[PDB]
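Comments concern the structure below.
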Amino acid sequence: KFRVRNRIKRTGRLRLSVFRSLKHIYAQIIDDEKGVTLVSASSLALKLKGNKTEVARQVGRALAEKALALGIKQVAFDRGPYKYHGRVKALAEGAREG
Amino acid sequence: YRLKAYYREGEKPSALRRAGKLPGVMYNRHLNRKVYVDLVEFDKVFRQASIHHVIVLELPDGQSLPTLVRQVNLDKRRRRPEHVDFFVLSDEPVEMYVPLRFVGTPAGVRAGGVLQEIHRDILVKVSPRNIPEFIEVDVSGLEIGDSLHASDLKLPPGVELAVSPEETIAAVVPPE
Amino acid sequence: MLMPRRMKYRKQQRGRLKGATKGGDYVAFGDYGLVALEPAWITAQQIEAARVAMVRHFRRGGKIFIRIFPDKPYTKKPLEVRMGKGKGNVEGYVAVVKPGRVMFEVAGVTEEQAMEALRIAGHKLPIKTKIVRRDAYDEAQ
RNA sequence: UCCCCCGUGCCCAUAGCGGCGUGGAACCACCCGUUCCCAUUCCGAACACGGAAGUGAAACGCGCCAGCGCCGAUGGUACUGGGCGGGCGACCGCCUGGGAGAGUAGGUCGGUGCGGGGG
RNA sequence: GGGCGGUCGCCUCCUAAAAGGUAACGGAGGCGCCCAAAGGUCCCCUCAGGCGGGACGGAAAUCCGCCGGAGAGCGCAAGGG
RNA sequence: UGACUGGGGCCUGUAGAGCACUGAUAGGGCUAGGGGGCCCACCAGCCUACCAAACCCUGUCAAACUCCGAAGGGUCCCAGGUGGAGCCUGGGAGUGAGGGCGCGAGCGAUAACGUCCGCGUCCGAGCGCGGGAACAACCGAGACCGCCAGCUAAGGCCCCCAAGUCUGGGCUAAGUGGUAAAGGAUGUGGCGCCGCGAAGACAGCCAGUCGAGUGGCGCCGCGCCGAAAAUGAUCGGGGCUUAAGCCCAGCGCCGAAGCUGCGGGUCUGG
Numbered sequence: 011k012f013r014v015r016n017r018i019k020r021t022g023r024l025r026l027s028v029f030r031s032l033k034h035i036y037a038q039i040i041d042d043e044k045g046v047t048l049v050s051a052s053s054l055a056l057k058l059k060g061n062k063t064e065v066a067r068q069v070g071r072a073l074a075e076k077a078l079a080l081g082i083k084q085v086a087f088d089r090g091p092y093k094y095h096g097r098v099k100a101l102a103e104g105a106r107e108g
Numbered sequence: 003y004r005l006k007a008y009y010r011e012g013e014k015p016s017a018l019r020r021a022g023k024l025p026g027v028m029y030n031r032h033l034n035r036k037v038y039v040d041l042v043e044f045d046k047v048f049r050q051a052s053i054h055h056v057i058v059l060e061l062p063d064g065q066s067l068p069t070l071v072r073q074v075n076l077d078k079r080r081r082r083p084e085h086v087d088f089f090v091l092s093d094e095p096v097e098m099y100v101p102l103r104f105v106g107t108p109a110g111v112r113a114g115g116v117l118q119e120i121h122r123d124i125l126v127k128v129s130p131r132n133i134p135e136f137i138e139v140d141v142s143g144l145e146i147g148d149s150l151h152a153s154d155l156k157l158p159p160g161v162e163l164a165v166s167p168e169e170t171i172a173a174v175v176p177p178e
Numbered sequence: 001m002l003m004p005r006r007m008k009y010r011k012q013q014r015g016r017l018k019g020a021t022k023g024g025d026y027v028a029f030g031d032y033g034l035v036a037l038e039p040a041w042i043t044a045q046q047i048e049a050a051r052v053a054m055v056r057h058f059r060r061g062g063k064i065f066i067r068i069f070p071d072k073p074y075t076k077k078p079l080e081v082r083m084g085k086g087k088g089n090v091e092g093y094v095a096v097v098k099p100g101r102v103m104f105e106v107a108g109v110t111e112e113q114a115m116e117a118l119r120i121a122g123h124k125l126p127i128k129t130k131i132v133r134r135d136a137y138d139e140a141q
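Residue numbers (the authors' numbering), protein chains in the order written: chain CR, 11 to 108; chain CZ, 3 to 178; chain CP, 1 to 141.
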């Protein structure tokens, strides 16, 4: 298996989860303990382009505008099998830094 | 065979065993309740009956409900039963360990042998309406070599054994 | 004699004898059996004298089942020594037997000879015995 | 409110192994490539990137099944806080509050939050 | 009793009577070091066994395929993990 | 706020049990090797009531094994709880040799008025008092003093010796009682459930007469042998047999320095 679950290395609140599918890319801001999503956005499942990495940034900036609107400032970055590369949401706005 | 049983309120299991009246219980998927046969009587019955044959229990309702003896709890010291369980039947292919006859005389009664009756009650499935008995097996060409077991027997269609087949049934083993 | 061929440790503690038998209390191997009334430790050389007697009696006979094992070691200090200086040497092996344990069994012999051979055994044993048949020893379900 | 699928938590095997049916419009995966970012103690196997000719075979989702696995009473014992006995002693019995483990009847191929996409 | 013998500090398990603690010249083992990577962090990867199948190749030299939640491994004793 | 107690919430791996792990284990099945007969050395081949792995079935064992697991115990919260309880600071000590009993273990030989720990008690310091023949620690009971008053406790009520030769139903003939085991016995008394009895032999002389109770193991109460040591014997003594012994009821008395009654002292509190 890809056990992975570095996501287990989350202490000090507010998780920005990312999902990379062969066609698409999705993301939801989660408050655990409660067990509840607060904010979201997706790839063409949000109605959008047919590219890849360009599309990523777009969904990113999307998530940003919506979150700050609710009063949410800072978080922590995910993707389980990340390998932080390519399809990155290197977006302004959200205060999770980097 | 019959036996007078009587309802229990749940009071002083010590008192009853001392007053001749062995406590037990009856149960099935719709009714489990508490009863007290008499030791005196149950002995004649179970000693002939056991759990190959079937008992029937005449209560203060005329209801003579049909049963099998699931479990008997012995005393460990000075062998003498403390408690009996009664399985209430009707018409479902429930289990039981029907006995076996060992008809015959193996070749191992002459070149140094004894019959060992490993598992002389084998388990099976079949509805209450069908209650076989002595499921004989013949032995005659069983010398001191190894010996027969499991599915090698005489199974009335309706009978559907729950064994393996591998569970050893008998053997022909040397002298002293 | 009749001892274990390997053990985690060579010597062990003594321990008390509570009642009951816990297990071993229904016949389950041969036709006639020998049950215990008094608790005791039974030595290997007793078990043997009991075994050989059984066979002795009915020569070229049936099968005997010795349903107990001398798994426990026996310590004893050399003669005329004082106390302390640590535990003794192991001088033999015994089996713990409590009220109700079925110790022995025979099968495939005349009721006549069974009754007899079992009785002789009890004369080899440091406890009170009783003989038994094949009654409600049916722990099936 | 009612279905289906994609993410993500709580329950901690009554969610498990193995069998047998299904599902591709949409999701998902496999698939097409190796120029490009990024890869291999050798391998585009894996990570990774650009694609959409094909397939639900594999993987995953959804059912149905009890062979193995897992759960499991009720009764009755074992043992025992406290009180009191019998015996000369290994040890055995009563009274009152508590009460297993095995084994039996039986139960199980899950339940349940939050958010998305589709009718 | 004293001598002869044995022991004297430290760690692990049992004796220990389901908090802690608890004796005997009671049962059974270890320490008086090591690592310049055997340390920090980031990114990867998963065992031992077993049954197949393969030139030299044992009964595991290295190769391939199924099964195998941990029985392997963690410098050295045992225990916990 | 104390000891102790009621109601809640955590923590725990013993008693007991179990075989999933570590090891041990009796028998059978299934089945690598090895031994050995058939036999050929060109190496194969078939059999064997031989020894025998791994694995499965039945049956079990373990301080240093545990899938499981009580009663209890530990602690924290809220209450009851005014006690020669509790907490804080300081002045004065002695003790640092313990002992028996009950329960839970180790050592020992499931020996010792033995020895090591753990939980409780009494002696120590209650050798003050009652019971136990006598006797620190077994049973009863915690003694300020006085009384020619009354009730009790353990243990007792035939005499020594206070109080029942009290009442009702059973057992025992050994002085058992008045202190011993494996194992032996048609001792007794009470329960059994099995043989087979006008195919009328159970016991006795040709089987006819004989005309009925006969054997067979197995439970329970009480007793019998098994039972030999060294100054004179004895249950404490005399003496007890439908008991003055044993079992089961019932009513009544005697009995301490305990509890009441009356009088007195001293110290606290009010």
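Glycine included, every Cβ here is placed at the ideal spot set by N, Cα and C.
In the three-state reduction of the DSSP assignment, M83 of chain CP falls in the coil class. In the DSSP assignment, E48 of chain CP falls within the unbroken alpha helix (DSSP H) covering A44 to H57.
Taken atom to atom, the span from the alpha-carbon of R81 of chain CZ to that of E80 of chain CP is near 46 Å. Against chain CP, the CB of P177 of chain CZ has a partner CB under 8 Å away; the residue lies at that interface. In this structure, DSSP gives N16 of chain CR a helical state, which the three-state scheme calls helix.
Residue range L41 to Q50 is occupied by the alpha helix (DSSP H) that includes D45 of chain CZ. With respect to chain CZ, the C-beta atom of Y32 of chain CP has no partner C-beta closer than 8 Å.
What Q73 of chain CZ touches in chain CP, judged by beta-carbon distance under 9 Å, is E139 and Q141, going in chain order.
Membership of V27 of chain CZ in the beta strand (DSSP E) is indicated by the continuous run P25 to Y29.
Runs of the alpha helix (DSSP H) spanning 4 or more residues and lying entirely within the segment 77 to 139 of chain CP occur at 111 to 122, in chain order. Counting along the chain, no alpha helix (DSSP H) covers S27 of chain CR; the unbroken beta strand (DSSP E) around it starts and ends at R25 to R30.
In this structure, DSSP gives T21 of chain CP a state outside helix and strand, which the three-state scheme calls coil. Cβ-Cβ distances below 6 Å link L91 of chain CZ to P68 and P130 in the same chain, with the five nearest sequence neighbours on each side left out; the list follows chain order.
For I133 of chain CZ, no chain CP residue has a Cβ inside 8 Å of its Cβ, as the nearest lies near 16 Å away.
The straight-line gap separating the alpha-carbon atoms of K18 of chain CP and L155 of chain CZ is approximately 46 Å. When C-beta distances to chain CP are compared with 8 Å, the residues of the segment 89 to 102 of chain CZ below that value are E97 and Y99, in chain order. Counting C-beta atoms within 10 angstroms of its own C-beta, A102 of chain CR has fewer than 16 neighbours from the protein chains shown and is therefore classed as exposed. Looking at CP:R51, CP:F69 and CP:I68, the one whose alpha-carbon comes closest to that of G61 of chain CP is CP:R51. In the three-state reduction of the DSSP assignment, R80 of chain CZ falls in the coil class. Of all C-beta pairs linking the segment 138 to 158 of chain CZ to the segment 32 to 48 of chain CP, fewer than three are shorter than 8 Å, placing the two stretches out of contact.
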